[PDB]
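Structure first, then comments.
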Amino acid sequence: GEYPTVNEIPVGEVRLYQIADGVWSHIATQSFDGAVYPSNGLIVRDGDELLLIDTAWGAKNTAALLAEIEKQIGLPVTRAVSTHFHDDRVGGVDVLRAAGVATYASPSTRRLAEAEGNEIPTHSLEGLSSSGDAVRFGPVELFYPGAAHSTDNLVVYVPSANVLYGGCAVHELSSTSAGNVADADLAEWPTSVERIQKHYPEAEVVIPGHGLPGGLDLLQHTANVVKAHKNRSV
Ligand SMILES: O=C(O)/C(S)=C/c1c(Cl)ccc(Cl)c1Cl
Ligand SMILES: [Zn+2]
Ligand SMILES: [Zn+2]
């Protein structure tokens, strides 16, 4: 009865975990380049509707996510935001868009998704192109901390619950490296994390893109891991 881990979730199944009143994470697993990884997203209650943050990493997982939401929560998902362009965030957007969900991402994320051959959210989120930018979107704040895991990565804050969803710019405490840095800005990532720390000092829960949620220490840990990664790589 703890947060589910990668070995507890078959590929194709999705679990929900209650984080706060009206805030849940969704957890799925997927195979990528030969290994299996867990991945998180967020669900936030918006009246009698739900806001989804990130897909469940693929069409089949995302269909399973919608079914699990309908079963466990029973409110309609009306909008979704993808927090960067990789398949763990946008894979499944076509399933959402067919199910009548309005899908959103920054123009940067949409253009990078198109270039990569990934699914593309329908609507552009303006006002997030400069580091430190923040905009309101239903029950959350979207924040662009600067380049980190990717140049387009957004974080999401739920002010009613002081929940910070860091997406893939934030690592779990057990992480020992920056992971796949193909699209990363390793020089900027620690500064981007500092911007998050300064902007959301009252966060009570921090949810990484992959792995276990914790407190504010996930932010400092991430900066530490990324600096060490860069040092080892240099
Ligand atoms: O480290 C992470 O959080 C992710 S999203 C790595 C990644 C990369 Cl860099 C490209 C493609 C894909 Cl599918 C993944 Cl999972
Ligand atoms: Zn990514
Ligand atoms: Zn990721």
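By order in the structure tokens, chains are A, B, ...; within a chain, residues start at 1; ligands start at 1, following the order shown.
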- Residues within 12 Å of ligand 2 should be enumerated using only C-alpha atoms and all ligand atoms and returned as a ChimeraX atom specification. /A:32,39-40,54,57,82-91,109,112-113,147-154,166-171,178-184,208-210
- Item | Spatial neighbours of residue A:51, max dist 7 Å, only C-alpha atoms, sep filter under 6 positions, as number ranges by chain | A: 43-45, 77-80
- Item | Who sits within 7 Å of stretch 193-202 of chain A, only C-alpha atoms, same chain under 3 positions skipped, as a ChimeraX atom specification | /A:132,145,162,189-190,219,223
- DSSP on the backbone, then: every residue of stretch 14-199 of chain A marked alpha helix (DSSP H), written as JSON, numbers by chain. {"A": [59, 60, 61, 62, 63, 64, 65, 66, 67, 68, 69, 70, 71, 72, 87, 88, 89, 90, 93, 94, 95, 96, 97, 98, 107, 108, 109, 110, 111, 112, 113, 114, 115, 116, 189, 190, 191, 192, 193, 194, 195, 196, 197, 198, 199]}
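The nearest approach to ligand 3 among the residues A:66, A:211, A:15, A:139, with only C-alpha atoms and all ligand atoms taken into account, belongs to A:211.
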- Item | Point-to-point distance from atom CA of residue A:33 to atom CA of residue A:10, Å rounded to tenths |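 Between these atoms lies a distance of 17.0 Å.
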